[PDB]
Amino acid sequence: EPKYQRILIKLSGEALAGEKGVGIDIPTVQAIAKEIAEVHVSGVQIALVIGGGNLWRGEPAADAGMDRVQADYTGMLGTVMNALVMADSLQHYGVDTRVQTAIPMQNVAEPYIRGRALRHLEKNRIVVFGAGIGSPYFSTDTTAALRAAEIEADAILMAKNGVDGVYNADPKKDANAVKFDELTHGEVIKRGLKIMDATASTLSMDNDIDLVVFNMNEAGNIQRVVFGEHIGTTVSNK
């Protein structure tokens, strides 16, 4: 009895880089895919949104003086590379997956169409979104929020690769910082916690999509989140 029937897991590119912090370490990807595969057995519909930090960061691009628009597209491509590897790893554990890219690439991967995406999930397949939303200037949060709203997901599990929730103070400085267990979209604003981008936050709230921040590096942790086990920080409209 999962608390959520359809979730959208957001992963950072780094989470797939492994030791180094850059590139894609397949054995690491399979480790994450094996865990998602296990949760998928519960019957919960799943969709993924991966970042591309492990392959490209905009910061040095801007410092180098590269065109912002072109730089953003470059990153989106990196997103599809993580998707293809994540999709393959998932198939390794008998999961029927489908990659949908915001930027249509006829041959390489199926283009994004809400209609299809919805039907795919209804067939118990995992959908992996790539290229964010095909448009520059937006963030990965916006991508997770927008996509979650379109496929009508109950919650967005922000599987952090380290952090285990949202603290009342910077857990890196305040040795006595405590993590909130349950917050409301508005309350998060009334404290300027800024868990997600300003745009993404509005989307999540308006469409009543829960936000869960938790540490995914813990074995079977994500599964617990799906089943209600209070492990991280849940943001919702109570």
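Numbering starts at 1 and follows the sequence shown.
Relative to one another, 77-85 and 157-165 have unequal mean CA B-factors, and 157-165 is the one with the higher figure. Taking only the listed residues 143, 97, 100, 106, the entry reports the highest CA temperature factor at 106. Of the candidates 55, 47, 64, 213, the PDB record gives 64 the highest C-alpha temperature factor. Ranked within its chain, residue 195 lands in the highest third, by CA B factor from the PDB record.
Looking at the C-alpha B-factors along this chain, the one for residue 176 belongs to the lowest third. Residue 28: CA B factor in the lowest third of modelled residues in this chain (values from the PDB entry). For residue 188, the recorded CA B-factor ranks within the highest third of the chain. Only modelled residues enter the ranking. Per-chain ranking of the deposited C-alpha B factor places residue 9 in the lowest third.
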